[PDB]
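Just one chain follows, in the form deposited in one PDB entry, and it is written as structure tokens.
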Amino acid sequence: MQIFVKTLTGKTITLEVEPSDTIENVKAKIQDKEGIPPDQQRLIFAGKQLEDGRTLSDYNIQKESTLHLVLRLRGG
């Protein structure tokens, strides 16, 4: 399928994956396009946070779905 990953900069990324892929393999593909280690990626989908060890079918991710690469901040 074809999934989207949008960051906190409005940057939308296009990925070519399959429903049998895992969350760990998805984080590996983000590093090959953006350069962010998997330990620094915070992915959100349908109100849930993508954890390692799971698959794209566990969170029910169909075609043309959007993931959100968010961050935590320091100022206050």
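One rule holds for the numbers: they count along the sequence shown, beginning at 1. Superpose the two forms; the largest set of C-alphas matching within 1.5 Å is the rigid core.
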Open item on the list: If you average the CA temperature factors as listed in the entry, which stretch comes out higher, 63 to 71 or 12 to 20?
Closed with: 12 to 20
- [ ] Between 28 to 36 and 43 to 51, name whichever shows the higher mean Cα B factor according to the PDB entry.
- [x] 28 to 36
Task: Chain-wide C-alpha B factor ranking for residue 1, given as lowest, middle or highest third - done: highest
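Keep in mind the form deposited in another entry is missing from the figure; the text below concerns it.
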Open item on the list: At a 2 Å cut-off on C-alpha positions, does residue 67 qualify as shifted between this form and the one not shown after fitting the rigid core?
Closed with: no
